[PDB]
file structure.csv (CSV, C-alpha atoms and all ligand atoms)
chain,number,residue,atom,x,y,z
U,1,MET,CA,108.4,39.9,26.9
U,2,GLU,CA,109.9,40.8,23.5
U,3,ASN,CA,113.0,39.0,24.8
U,4,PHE,CA,111.3,35.7,24.0
U,5,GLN,CA,109.2,34.1,21.3
U,6,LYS,CA,106.2,32.1,22.4
U,7,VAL,CA,106.4,28.6,20.9
U,8,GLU,CA,103.3,27.0,22.4
U,9,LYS,CA,101.1,27.3,25.4
U,10,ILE,CA,101.9,24.3,27.7
U,11,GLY,CA,98.9,24.6,30.0
U,12,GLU,CA,96.9,26.6,32.6
U,13,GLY,CA,97.4,26.0,36.2
U,14,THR,CA,96.2,27.3,39.6
U,15,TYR,CA,98.4,30.3,39.7
U,16,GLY,CA,98.8,31.1,36.0
U,17,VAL,CA,99.4,30.1,32.3
U,18,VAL,CA,102.5,28.2,31.2
U,19,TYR,CA,104.3,28.7,27.9
U,20,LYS,CA,107.1,27.0,26.1
U,21,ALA,CA,109.4,29.9,25.2
U,22,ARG,CA,112.7,30.4,23.3
U,23,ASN,CA,115.0,33.1,24.6
U,24,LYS,CA,115.6,35.4,21.7
U,25,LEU,CA,119.3,35.9,22.4
U,26,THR,CA,120.8,32.6,23.7
U,27,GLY,CA,118.4,30.2,21.9
U,28,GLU,CA,117.7,28.7,25.3
U,29,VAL,CA,114.3,27.0,25.5
U,30,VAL,CA,112.5,27.5,28.9
U,31,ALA,CA,109.1,27.0,30.5
U,32,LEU,CA,107.6,30.4,31.3
U,33,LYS,CA,104.8,30.8,33.9
U,34,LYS,CA,102.7,34.0,33.6
U,35,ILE,CA,100.6,35.4,36.5
U,36,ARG,CA,98.4,38.5,35.9
U,41,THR,CA,95.5,42.8,39.9
U,42,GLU,CA,96.4,45.8,42.1
U,43,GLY,CA,99.9,45.2,41.1
U,44,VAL,CA,101.6,42.7,43.4
U,45,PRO,CA,102.1,41.6,46.9
U,46,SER,CA,105.8,42.3,47.1
U,47,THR,CA,106.4,40.0,50.1
U,48,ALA,CA,106.2,36.9,47.9
U,49,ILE,CA,109.0,38.1,45.5
U,50,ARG,CA,111.6,37.6,48.3
U,51,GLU,CA,110.3,34.1,49.2
U,52,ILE,CA,109.5,33.0,45.6
U,53,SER,CA,113.0,34.2,44.7
U,54,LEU,CA,114.3,32.1,47.6
U,55,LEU,CA,113.1,29.1,45.7
U,56,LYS,CA,115.8,29.9,43.1
U,57,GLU,CA,118.1,28.3,45.6
U,58,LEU,CA,116.3,24.9,45.7
U,59,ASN,CA,118.8,22.7,44.1
U,60,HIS,CA,118.1,18.9,43.7
U,61,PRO,CA,117.9,16.4,40.8
U,62,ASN,CA,114.2,15.8,41.4
U,63,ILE,CA,113.1,19.4,41.4
U,64,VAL,CA,112.6,21.5,38.2
U,65,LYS,CA,115.1,24.4,38.3
U,66,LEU,CA,113.6,27.9,38.8
U,67,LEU,CA,115.9,30.0,36.7
U,68,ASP,CA,114.4,33.5,37.3
U,69,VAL,CA,111.7,35.5,38.9
U,70,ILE,CA,110.6,38.7,37.3
U,71,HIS,CA,108.0,41.3,38.3
U,72,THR,CA,107.1,43.8,35.7
U,73,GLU,CA,104.0,45.7,34.4
U,74,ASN,CA,101.4,44.1,36.8
U,75,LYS,CA,102.8,40.7,35.8
U,76,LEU,CA,104.9,38.1,37.7
U,77,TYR,CA,106.9,35.7,35.5
U,78,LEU,CA,108.6,32.5,36.6
U,79,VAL,CA,111.3,31.0,34.3
U,80,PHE,CA,111.9,27.3,34.7
U,81,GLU,CA,114.3,24.9,32.9
U,82,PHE,CA,112.4,23.0,30.2
U,83,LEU,CA,111.5,19.3,30.6
U,84,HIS,CA,110.2,17.1,27.8
U,85,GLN,CA,106.6,16.3,28.9
U,86,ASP,CA,104.4,16.4,31.9
U,87,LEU,CA,103.0,13.4,33.7
U,88,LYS,CA,99.4,14.2,32.7
U,89,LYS,CA,100.2,14.0,29.0
U,90,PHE,CA,102.3,10.8,29.6
U,91,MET,CA,99.4,9.2,31.5
U,92,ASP,CA,96.9,10.0,28.8
U,93,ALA,CA,99.3,8.7,26.2
U,94,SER,CA,99.7,5.5,28.3
U,95,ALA,CA,95.9,5.1,28.9
U,96,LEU,CA,95.5,1.9,26.7
U,97,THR,CA,98.7,0.1,27.7
U,98,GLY,CA,99.4,1.4,31.2
U,99,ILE,CA,102.7,2.7,32.6
U,100,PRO,CA,104.9,-0.3,33.3
U,101,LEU,CA,105.0,-1.1,37.1
U,102,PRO,CA,108.8,-0.7,37.4
U,103,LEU,CA,108.5,2.8,35.9
U,104,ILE,CA,105.7,3.8,38.2
U,105,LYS,CA,107.9,2.6,41.1
U,106,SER,CA,110.9,4.6,39.9
U,107,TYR,CA,108.8,7.8,39.5
U,108,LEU,CA,107.3,7.4,42.9
U,109,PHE,CA,110.7,6.8,44.5
U,110,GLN,CA,112.1,9.9,42.8
U,111,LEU,CA,109.2,12.1,43.7
U,112,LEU,CA,109.6,11.0,47.4
U,113,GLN,CA,113.3,11.9,47.2
U,114,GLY,CA,112.5,15.4,46.0
U,115,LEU,CA,109.8,15.8,48.6
U,116,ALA,CA,112.1,14.5,51.5
U,117,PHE,CA,114.6,17.2,50.4
U,118,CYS,CA,112.1,20.1,50.2
U,119,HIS,CA,110.4,19.0,53.4
U,120,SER,CA,113.8,18.9,55.3
U,121,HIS,CA,114.3,22.5,54.2
U,122,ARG,CA,110.8,23.4,55.4
U,123,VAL,CA,109.4,24.0,51.9
U,124,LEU,CA,106.0,22.6,51.1
U,125,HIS,CA,104.4,22.3,47.7
U,126,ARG,CA,100.7,22.4,48.6
U,127,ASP,CA,99.5,22.1,45.0
U,128,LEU,CA,100.8,18.7,43.7
U,129,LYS,CA,99.1,17.3,40.6
U,130,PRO,CA,100.1,15.5,37.4
U,131,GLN,CA,100.5,18.8,35.5
U,132,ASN,CA,103.1,19.8,38.1
U,133,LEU,CA,105.2,16.7,37.5
U,134,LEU,CA,107.7,16.7,34.6
U,135,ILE,CA,109.6,13.9,33.0
U,136,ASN,CA,112.5,13.5,30.5
U,137,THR,CA,113.8,10.9,28.1
U,138,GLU,CA,116.4,9.4,30.5
U,139,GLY,CA,113.8,8.4,33.0
U,140,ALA,CA,113.9,11.2,35.5
U,141,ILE,CA,110.8,12.9,37.1
U,142,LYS,CA,110.8,16.3,38.8
U,143,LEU,CA,108.5,18.4,40.9
U,144,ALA,CA,107.8,22.0,39.8
U,145,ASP,CA,106.1,25.2,41.1
U,146,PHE,CA,106.3,25.0,44.9
U,147,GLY,CA,105.3,27.9,47.1
U,148,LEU,CA,102.7,30.0,45.4
U,149,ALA,CA,100.2,29.0,48.1
U,150,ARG,CA,102.2,30.0,51.2
U,151,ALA,CA,102.9,33.1,49.1
U,152,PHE,CA,99.6,34.0,47.5
U,153,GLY,CA,96.7,31.8,48.5
U,154,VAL,CA,93.5,31.2,46.4
U,155,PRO,CA,89.9,32.3,45.8
U,156,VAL,CA,87.0,30.4,44.1
U,157,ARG,CA,89.2,30.1,41.0
U,158,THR,CA,92.8,29.9,40.1
U,159,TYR,CA,93.6,33.4,38.8
U,160,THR,CA,91.1,34.4,36.1
U,161,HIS,CA,88.2,32.1,35.2
U,162,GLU,CA,89.6,28.7,36.0
U,163,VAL,CA,88.3,26.6,39.0
U,164,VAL,CA,90.5,25.0,41.6
U,165,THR,CA,91.2,21.3,40.9
U,166,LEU,CA,90.3,19.5,44.1
U,167,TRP,CA,91.2,15.9,43.2
U,168,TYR,CA,94.6,15.9,45.0
U,169,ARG,CA,93.6,18.0,48.0
U,170,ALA,CA,94.3,16.6,51.5
U,171,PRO,CA,91.2,16.2,53.8
U,172,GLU,CA,92.6,18.7,56.4
U,173,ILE,CA,92.6,21.3,53.7
U,174,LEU,CA,89.0,20.5,52.7
U,175,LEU,CA,88.0,20.6,56.3
U,176,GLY,CA,89.3,24.2,56.6
U,177,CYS,CA,92.5,23.8,58.7
U,178,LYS,CA,94.4,27.0,58.9
U,179,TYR,CA,97.8,25.4,59.5
U,180,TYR,CA,99.0,23.0,56.8
U,181,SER,CA,101.9,20.5,57.3
U,182,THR,CA,104.2,18.6,54.9
U,183,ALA,CA,101.7,15.8,55.2
U,184,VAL,CA,99.5,17.5,52.6
U,185,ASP,CA,102.0,16.8,49.9
U,186,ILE,CA,102.1,13.1,50.8
U,187,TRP,CA,98.4,12.8,50.4
U,188,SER,CA,98.6,14.4,46.9
U,189,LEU,CA,101.4,12.1,45.8
U,190,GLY,CA,99.4,9.1,47.1
U,191,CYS,CA,96.4,10.1,44.9
U,192,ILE,CA,98.8,10.5,41.9
U,193,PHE,CA,100.4,7.0,42.6
U,194,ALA,CA,96.9,5.4,42.6
U,195,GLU,CA,96.1,7.2,39.3
U,196,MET,CA,99.3,6.0,37.6
U,197,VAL,CA,98.4,2.5,38.7
U,198,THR,CA,94.7,2.3,37.8
U,199,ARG,CA,94.6,4.9,35.0
U,200,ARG,CA,91.6,6.7,36.6
U,201,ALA,CA,91.7,9.5,39.1
U,202,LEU,CA,91.2,8.2,42.7
U,203,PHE,CA,88.9,10.9,44.0
U,204,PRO,CA,87.5,13.0,41.1
U,205,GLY,CA,85.4,15.5,43.1
U,206,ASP,CA,83.4,18.2,41.3
U,207,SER,CA,82.9,20.4,44.4
U,208,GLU,CA,84.5,20.7,47.8
U,209,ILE,CA,81.8,18.6,49.4
U,210,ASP,CA,81.8,16.1,46.5
U,211,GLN,CA,85.6,15.7,47.0
U,212,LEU,CA,85.2,15.2,50.7
U,213,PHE,CA,82.3,12.7,50.3
U,214,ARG,CA,84.2,10.7,47.7
U,215,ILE,CA,87.1,10.4,50.1
U,216,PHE,CA,84.7,9.3,52.9
U,217,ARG,CA,82.9,6.8,50.7
U,218,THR,CA,86.2,4.9,50.2
U,219,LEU,CA,88.2,5.4,53.3
U,220,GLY,CA,85.2,5.7,55.8
U,221,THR,CA,83.9,8.9,57.4
U,222,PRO,CA,86.6,10.0,59.8
U,223,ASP,CA,85.8,10.3,63.6
U,224,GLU,CA,87.7,11.1,66.8
U,225,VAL,CA,88.9,7.5,67.0
U,226,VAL,CA,91.0,7.5,63.8
U,227,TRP,CA,91.5,11.3,63.7
U,228,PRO,CA,91.6,13.1,67.1
U,229,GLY,CA,90.4,16.6,66.8
U,230,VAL,CA,88.5,16.1,63.5
U,231,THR,CA,85.1,17.0,64.9
U,232,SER,CA,86.4,20.4,66.0
U,233,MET,CA,87.8,21.5,62.6
U,234,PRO,CA,86.4,24.6,61.0
U,235,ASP,CA,84.4,23.0,58.2
U,236,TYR,CA,83.5,19.7,59.9
U,237,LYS,CA,79.7,19.2,60.4
U,238,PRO,CA,78.1,16.5,62.5
U,239,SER,CA,75.6,16.2,59.6
U,240,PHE,CA,78.2,14.4,57.4
U,241,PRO,CA,76.9,11.0,56.4
U,242,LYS,CA,78.6,8.1,58.1
U,243,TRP,CA,80.2,5.7,55.6
U,244,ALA,CA,82.0,2.6,56.7
U,245,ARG,CA,85.5,2.1,55.4
U,246,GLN,CA,85.5,-0.2,52.4
U,247,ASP,CA,87.9,-3.1,51.8
U,248,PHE,CA,91.1,-1.6,50.4
U,249,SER,CA,91.2,-4.2,47.6
U,250,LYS,CA,89.2,-2.2,45.2
U,251,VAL,CA,91.5,0.9,45.4
U,252,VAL,CA,94.7,0.0,43.4
U,253,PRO,CA,94.2,-3.4,41.9
U,254,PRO,CA,96.0,-5.1,41.1
U,255,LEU,CA,99.1,-3.6,42.9
U,256,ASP,CA,100.9,-6.0,45.3
U,257,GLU,CA,100.5,-5.8,49.1
U,258,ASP,CA,103.7,-3.8,49.6
U,259,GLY,CA,102.2,-1.2,47.2
U,260,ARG,CA,98.8,-1.2,48.9
U,261,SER,CA,100.3,-0.9,52.4
U,262,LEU,CA,102.5,2.0,51.3
U,263,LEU,CA,99.4,3.8,49.7
U,264,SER,CA,97.4,3.1,52.8
U,265,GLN,CA,100.0,4.9,55.0
U,266,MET,CA,100.1,7.8,52.5
U,267,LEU,CA,96.2,8.1,52.8
U,268,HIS,CA,95.9,8.2,56.6
U,269,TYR,CA,93.4,10.8,57.8
U,270,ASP,CA,95.5,12.1,60.7
U,271,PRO,CA,98.4,14.1,59.4
U,272,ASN,CA,100.3,12.7,62.3
U,273,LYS,CA,99.8,9.1,61.3
U,274,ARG,CA,100.4,9.9,57.6
U,275,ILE,CA,103.8,8.5,56.5
U,276,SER,CA,106.7,11.0,55.9
U,277,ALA,CA,108.6,11.2,52.6
U,278,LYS,CA,111.8,10.0,54.4
U,279,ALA,CA,110.0,7.0,56.0
U,280,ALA,CA,108.3,6.2,52.7
U,281,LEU,CA,111.7,5.9,51.0
U,282,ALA,CA,112.5,3.1,53.4
U,283,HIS,CA,109.3,1.1,52.8
U,284,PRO,CA,109.8,-2.5,51.4
U,285,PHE,CA,108.0,-1.5,48.2
U,286,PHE,CA,111.2,0.1,47.1
U,287,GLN,CA,113.6,-2.8,47.8
U,288,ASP,CA,113.6,-3.8,44.1
U,289,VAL,CA,113.5,-0.2,42.6
U,290,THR,CA,115.3,0.4,39.3
U,291,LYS,CA,115.4,3.3,36.8
U,292,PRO,CA,113.8,2.3,33.5
U,293,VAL,CA,113.3,4.7,30.6
U,294,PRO,CA,109.9,5.8,29.3
U,295,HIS,CA,108.8,5.6,25.8
U,296,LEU,CA,107.9,9.2,25.1
U,297,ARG,CA,106.3,10.7,22.0
U,298,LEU,CA,107.5,14.2,21.7
R,1,LIG,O1,103.9,18.3,25.6
R,1,LIG,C1,103.5,18.9,26.7
R,1,LIG,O2,102.3,19.0,27.0
R,1,LIG,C2,104.6,19.5,27.6
R,1,LIG,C3,105.8,19.6,27.0
R,1,LIG,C4,106.9,20.1,27.8
R,1,LIG,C5,106.7,20.5,29.1
R,1,LIG,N1,107.8,21.0,29.7
R,1,LIG,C6,107.8,21.7,31.0
R,1,LIG,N2,109.0,22.0,31.6
R,1,LIG,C7,109.0,22.6,32.8
R,1,LIG,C8,107.8,23.0,33.4
R,1,LIG,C9,106.6,22.7,32.7
R,1,LIG,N3,105.3,23.0,33.3
R,1,LIG,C10,105.1,23.8,34.4
R,1,LIG,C11,104.2,23.4,35.4
R,1,LIG,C12,103.9,24.2,36.5
R,1,LIG,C13,104.6,25.4,36.7
R,1,LIG,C14,105.5,25.8,35.7
R,1,LIG,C15,105.7,25.0,34.6
R,1,LIG,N4,106.6,22.1,31.5
R,1,LIG,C16,105.4,20.3,29.7
R,1,LIG,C17,104.3,19.8,28.9

call {"tool": "encode", "arguments": {"input": "structure.csv", "output": "structure tokens"}}
result
Amino acid sequence: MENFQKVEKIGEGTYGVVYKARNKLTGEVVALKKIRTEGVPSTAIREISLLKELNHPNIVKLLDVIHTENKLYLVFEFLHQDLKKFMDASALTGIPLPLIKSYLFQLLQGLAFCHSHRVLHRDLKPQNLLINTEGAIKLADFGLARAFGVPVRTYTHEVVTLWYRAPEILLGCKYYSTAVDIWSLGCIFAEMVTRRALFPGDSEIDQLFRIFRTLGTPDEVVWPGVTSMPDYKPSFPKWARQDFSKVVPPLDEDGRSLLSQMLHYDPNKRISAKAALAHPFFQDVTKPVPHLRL
């Protein structure tokens, strides 16, 4: 608390507020996430702490986990900018295609690693993705769903952002699979390409219907078991799937085919991170460096 000095606020997420903070002693600059409460569920501390042992080049390092005074703090290594800011900064020009492809490849590498270790993110979004000057991108802030779970808002007086949420989550499924992170990454991939969010829903039903309007209202043919899910209603309007050409123009067909496999309704048909890494879209992948304004 007094062992840092706040530099800036970085942002506000689903599970808390994030600050750029300088360690008073070592000079170290870190990203510090603050979550405010009866006091804490203590079960999480063991499993959140377990994430300190996630070690991989595409995952933002979790340095410490500290529970004190009705607060839970997560200390992360500091990266140079998040993807949301970079995308906004790139809005007029666009992120160069080879850089998009490098970022997607790297994000899949980090996911394939987490997933092989049975660790799901469940909240992916551009604010959760961090980049540096040498061209790396990293995923941050896993767990925190399997650990806490969420109400109408994030923590205090912020709504949940629905834009990246898998349909099976929106339909009320109690058991999530790693497939939910693939859906989120697919939505983010589309957004990097077109420079607009793919499914910008303002409510849970608006989110669902925006998905349906594009991809077609799911049924038992394309998604066995869909009509028996907790929040499914037979009264959903029936939209026909649109031609996929309008979704990520003008990405090439390898890109479109990969996105289409990331956006399958049935979590069982949805491509894995490991299989995605082998898709022909990545045959030519390189590692360019971004132009960042810090
Ligand atoms: O110029 C900005 O706007 C910005 C600058 C630096 C930065 N660095 C950073 N490094 C690690 C994590 C993180 N954010 C984060 C996200 C989710 C959970 C915990 C931390 N941000 C983020 C944004």

call {"tool": "atom_distance", "arguments": {"input": "structure.csv", "atom1": "CA of residue 64 in chain U", "atom2": "CA of residue 259 in chain U"}}
result
26.5 Å

call {"tool": "residues_near_ligand", "arguments": {"input": "structure.csv", "ligand": "ligand LIG 1 (chain R)", "cutoff": "6 Å", "atoms": "all atoms listed in the file", "output": "PyMOL selection string"}}
result
chain U and resi 10+18+31+33+80-86+89+131-132+144-145

call {"tool": "write_last_selection", "arguments": {"input": "structure.csv", "atoms": "C-alpha atoms", "output": "compact mmCIF listing (two decimals), keeping the file's coordinate frame"}}
result
# COMPACT_ATOMS: atom_id res chain seq x y z
CA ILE U 10 101.90 24.30 27.70
CA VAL U 18 102.50 28.20 31.20
CA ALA U 31 109.10 27.00 30.50
CA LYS U 33 104.80 30.80 33.90
CA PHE U 80 111.90 27.30 34.70
CA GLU U 81 114.30 24.90 32.90
CA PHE U 82 112.40 23.00 30.20
CA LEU U 83 111.50 19.30 30.60
CA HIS U 84 110.20 17.10 27.80
CA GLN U 85 106.60 16.30 28.90
CA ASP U 86 104.40 16.40 31.90
CA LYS U 89 100.20 14.00 29.00
CA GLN U 131 100.50 18.80 35.50
CA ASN U 132 103.10 19.80 38.10
CA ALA U 144 107.80 22.00 39.80
CA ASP U 145 106.10 25.20 41.10

call {"tool": "atom_distance", "arguments": {"input": "structure.csv", "atom1": "CA of residue 7 in chain U", "atom2": "CA of residue 56 in chain U"}}
result
24.1 Å

call {"tool": "atom_distance", "arguments": {"input": "structure.csv", "atom1": "CA of residue 98 in chain U", "atom2": "CA of residue 195 in chain U"}}
result
10.5 Å

call {"tool": "closest_residue", "arguments": {"input": "structure.csv", "among": "U:149, U:4, U:139, U:216", "to": "residue 26 in chain U", "atoms": "all atoms listed in the file"}}
result
U:4

call {"tool": "closest_residue", "arguments": {"input": "structure.csv", "among": "U:227, U:19, U:187, U:107", "to": "residue 126 in chain U", "atoms": "all atoms listed in the file"}}
result
U:187

call {"tool": "closest_residue", "arguments": {"input": "structure.csv", "among": "U:283, U:171, U:8, U:36", "to": "residue 268 in chain U", "atoms": "all atoms listed in the file"}}
result
U:171

call {"tool": "closest_residue", "arguments": {"input": "structure.csv", "among": "U:119, U:219, U:103, U:252", "to": "residue 138 in chain U", "atoms": "all atoms listed in the file"}}
result
U:103

call {"tool": "closest_residue", "arguments": {"input": "structure.csv", "among": "U:116, U:164, U:108, U:154", "to": "residue 207 in chain U", "atoms": "only C-alpha atoms"}}
result
U:164

call {"tool": "closest_residue", "arguments": {"input": "structure.csv", "among": "U:180, U:203, U:117, U:213", "to": "residue 60 in chain U", "atoms": "only C-alpha atoms"}}
result
U:117

call {"tool": "residues_near_point", "arguments": {"input": "structure.csv", "point": "(97.2, 46.8, 39.0)", "cutoff": "9 Å", "atoms": "only C-alpha atoms", "output": "list in words"}}
result
residues 36, 41, 42, 43, 44, 73, 74 and 75 of chain U

call {"tool": "residues_around", "arguments": {"input": "structure.csv", "residues": "residue 173 in chain U", "least_positions_apart": "4", "cutoff": "12 Å", "atoms": "only C-alpha atoms", "output": "count of residues only"}}
result
29

call {"tool": "residues_around", "arguments": {"input": "structure.csv", "residues": "residue 159 in chain U", "least_positions_apart": "4", "cutoff": "12 Å", "atoms": "all atoms listed in the file", "output": "list in words"}}
result
residues 12, 13, 14, 15, 16, 17, 34, 35, 36, 41, 148, 152, 153, 154, 155, 163 and 164 of chain U

call {"tool": "write_last_selection", "arguments": {"input": "structure.csv", "atoms": "C-alpha atoms", "output": "PDB file, in the frame of the given file"}}
result
ATOM      1  CA  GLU U  12      96.900  26.600  32.600  1.00  0.00           C
ATOM      2  CA  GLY U  13      97.400  26.000  36.200  1.00  0.00           C
ATOM      3  CA  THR U  14      96.200  27.300  39.600  1.00  0.00           C
ATOM      4  CA  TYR U  15      98.400  30.300  39.700  1.00  0.00           C
ATOM      5  CA  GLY U  16      98.800  31.100  36.000  1.00  0.00           C
ATOM      6  CA  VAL U  17      99.400  30.100  32.300  1.00  0.00           C
ATOM      7  CA  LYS U  34     102.700  34.000  33.600  1.00  0.00           C
ATOM      8  CA  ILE U  35     100.600  35.400  36.500  1.00  0.00           C
ATOM      9  CA  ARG U  36      98.400  38.500  35.900  1.00  0.00           C
ATOM     10  CA  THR U  41      95.500  42.800  39.900  1.00  0.00           C
ATOM     11  CA  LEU U 148     102.700  30.000  45.400  1.00  0.00           C
ATOM     12  CA  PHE U 152      99.600  34.000  47.500  1.00  0.00           C
ATOM     13  CA  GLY U 153      96.700  31.800  48.500  1.00  0.00           C
ATOM     14  CA  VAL U 154      93.500  31.200  46.400  1.00  0.00           C
ATOM     15  CA  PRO U 155      89.900  32.300  45.800  1.00  0.00           C
ATOM     16  CA  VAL U 163      88.300  26.600  39.000  1.00  0.00           C
ATOM     17  CA  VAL U 164      90.500  25.000  41.600  1.00  0.00           C
TER      18      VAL U 164
END

call {"tool": "residues_around", "arguments": {"input": "structure.csv", "residues": "residue 194 in chain U", "least_positions_apart": "6", "cutoff": "8 Å", "atoms": "all atoms listed in the file", "output": "NGL selection string"}}
result
:U and (201-202 or 251-252 or 263)

call {"tool": "decode", "arguments": {"input": "structure.csv", "residues": "range 107-130 of chain U", "atoms": "N, CA and C atoms", "output": "PDB file, in the first residue's frame"}}
result
ATOM      1  N   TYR U 107       0.438 -11.785 -33.769  1.00  0.00           N
ATOM      2  CA  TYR U 107      -0.267 -11.684 -32.479  1.00  0.00           C
ATOM      3  C   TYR U 107      -1.222 -12.874 -32.282  1.00  0.00           C
ATOM      4  N   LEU U 108      -2.005 -13.183 -33.312  1.00  0.00           N
ATOM      5  CA  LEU U 108      -2.934 -14.301 -33.185  1.00  0.00           C
ATOM      6  C   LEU U 108      -2.195 -15.611 -32.901  1.00  0.00           C
ATOM      7  N   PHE U 109      -1.117 -15.854 -33.644  1.00  0.00           N
ATOM      8  CA  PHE U 109      -0.302 -17.055 -33.452  1.00  0.00           C
ATOM      9  C   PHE U 109       0.200 -17.136 -32.004  1.00  0.00           C
ATOM     10  N   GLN U 110       0.724 -16.021 -31.510  1.00  0.00           N
ATOM     11  CA  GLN U 110       1.286 -16.017 -30.187  1.00  0.00           C
ATOM     12  C   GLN U 110       0.199 -16.263 -29.140  1.00  0.00           C
ATOM     13  N   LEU U 111      -0.965 -15.643 -29.339  1.00  0.00           N
ATOM     14  CA  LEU U 111      -2.068 -15.775 -28.390  1.00  0.00           C
ATOM     15  C   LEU U 111      -2.529 -17.233 -28.353  1.00  0.00           C
ATOM     16  N   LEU U 112      -2.567 -17.873 -29.510  1.00  0.00           N
ATOM     17  CA  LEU U 112      -2.874 -19.299 -29.545  1.00  0.00           C
ATOM     18  C   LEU U 112      -1.811 -20.156 -28.842  1.00  0.00           C
ATOM     19  N   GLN U 113      -0.547 -19.742 -28.910  1.00  0.00           N
ATOM     20  CA  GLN U 113       0.507 -20.517 -28.276  1.00  0.00           C
ATOM     21  C   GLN U 113       0.308 -20.474 -26.765  1.00  0.00           C
ATOM     22  N   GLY U 114      -0.015 -19.289 -26.266  1.00  0.00           N
ATOM     23  CA  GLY U 114      -0.242 -19.102 -24.841  1.00  0.00           C
ATOM     24  C   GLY U 114      -1.473 -19.856 -24.396  1.00  0.00           C
ATOM     25  N   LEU U 115      -2.535 -19.785 -25.191  1.00  0.00           N
ATOM     26  CA  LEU U 115      -3.727 -20.594 -24.874  1.00  0.00           C
ATOM     27  C   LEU U 115      -3.455 -22.101 -24.901  1.00  0.00           C
ATOM     28  N   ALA U 116      -2.748 -22.594 -25.912  1.00  0.00           N
ATOM     29  CA  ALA U 116      -2.537 -24.042 -25.998  1.00  0.00           C
ATOM     30  C   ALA U 116      -1.795 -24.521 -24.745  1.00  0.00           C
ATOM     31  N   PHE U 117      -0.890 -23.689 -24.252  1.00  0.00           N
ATOM     32  CA  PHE U 117      -0.147 -23.997 -23.030  1.00  0.00           C
ATOM     33  C   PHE U 117      -1.059 -24.037 -21.790  1.00  0.00           C
ATOM     34  N   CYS U 118      -1.800 -22.956 -21.569  1.00  0.00           N
ATOM     35  CA  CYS U 118      -2.746 -22.890 -20.455  1.00  0.00           C
ATOM     36  C   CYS U 118      -3.734 -24.040 -20.508  1.00  0.00           C
ATOM     37  N   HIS U 119      -4.347 -24.235 -21.669  1.00  0.00           N
ATOM     38  CA  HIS U 119      -5.344 -25.288 -21.812  1.00  0.00           C
ATOM     39  C   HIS U 119      -4.788 -26.691 -21.549  1.00  0.00           C
ATOM     40  N   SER U 120      -3.512 -26.920 -21.864  1.00  0.00           N
ATOM     41  CA  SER U 120      -2.928 -28.258 -21.712  1.00  0.00           C
ATOM     42  C   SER U 120      -2.730 -28.536 -20.233  1.00  0.00           C
ATOM     43  N   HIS U 121      -2.610 -27.452 -19.466  1.00  0.00           N
ATOM     44  CA  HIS U 121      -2.492 -27.473 -18.016  1.00  0.00           C
ATOM     45  C   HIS U 121      -3.839 -27.302 -17.301  1.00  0.00           C
ATOM     46  N   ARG U 122      -4.918 -27.336 -18.074  1.00  0.00           N
ATOM     47  CA  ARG U 122      -6.265 -27.248 -17.519  1.00  0.00           C
ATOM     48  C   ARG U 122      -6.572 -25.887 -16.881  1.00  0.00           C
ATOM     49  N   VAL U 123      -5.970 -24.834 -17.423  1.00  0.00           N
ATOM     50  CA  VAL U 123      -6.249 -23.482 -16.972  1.00  0.00           C
ATOM     51  C   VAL U 123      -7.002 -22.705 -18.045  1.00  0.00           C
ATOM     52  N   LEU U 124      -8.199 -22.233 -17.703  1.00  0.00           N
ATOM     53  CA  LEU U 124      -9.016 -21.452 -18.632  1.00  0.00           C
ATOM     54  C   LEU U 124      -8.954 -19.986 -18.261  1.00  0.00           C
ATOM     55  N   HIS U 125      -9.057 -19.110 -19.253  1.00  0.00           N
ATOM     56  CA  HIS U 125      -9.166 -17.686 -18.959  1.00  0.00           C
ATOM     57  C   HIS U 125     -10.599 -17.267 -18.579  1.00  0.00           C
ATOM     58  N   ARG U 126     -11.523 -17.475 -19.510  1.00  0.00           N
ATOM     59  CA  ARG U 126     -12.957 -17.183 -19.374  1.00  0.00           C
ATOM     60  C   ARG U 126     -13.407 -15.722 -19.415  1.00  0.00           C
ATOM     61  N   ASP U 127     -12.449 -14.807 -19.407  1.00  0.00           N
ATOM     62  CA  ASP U 127     -12.679 -13.374 -19.626  1.00  0.00           C
ATOM     63  C   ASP U 127     -11.964 -12.630 -20.758  1.00  0.00           C
ATOM     64  N   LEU U 128     -11.457 -13.322 -21.776  1.00  0.00           N
ATOM     65  CA  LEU U 128     -10.581 -12.624 -22.722  1.00  0.00           C
ATOM     66  C   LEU U 128     -11.221 -11.385 -23.334  1.00  0.00           C
ATOM     67  N   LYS U 129     -10.398 -10.359 -23.533  1.00  0.00           N
ATOM     68  CA  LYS U 129     -10.819  -9.108 -24.142  1.00  0.00           C
ATOM     69  C   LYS U 129      -9.566  -8.279 -24.404  1.00  0.00           C
ATOM     70  N   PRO U 130      -9.677  -7.288 -25.296  1.00  0.00           N
ATOM     71  CA  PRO U 130      -8.498  -6.512 -25.685  1.00  0.00           C
ATOM     72  C   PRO U 130      -7.761  -5.882 -24.494  1.00  0.00           C
TER      73      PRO U 130
END
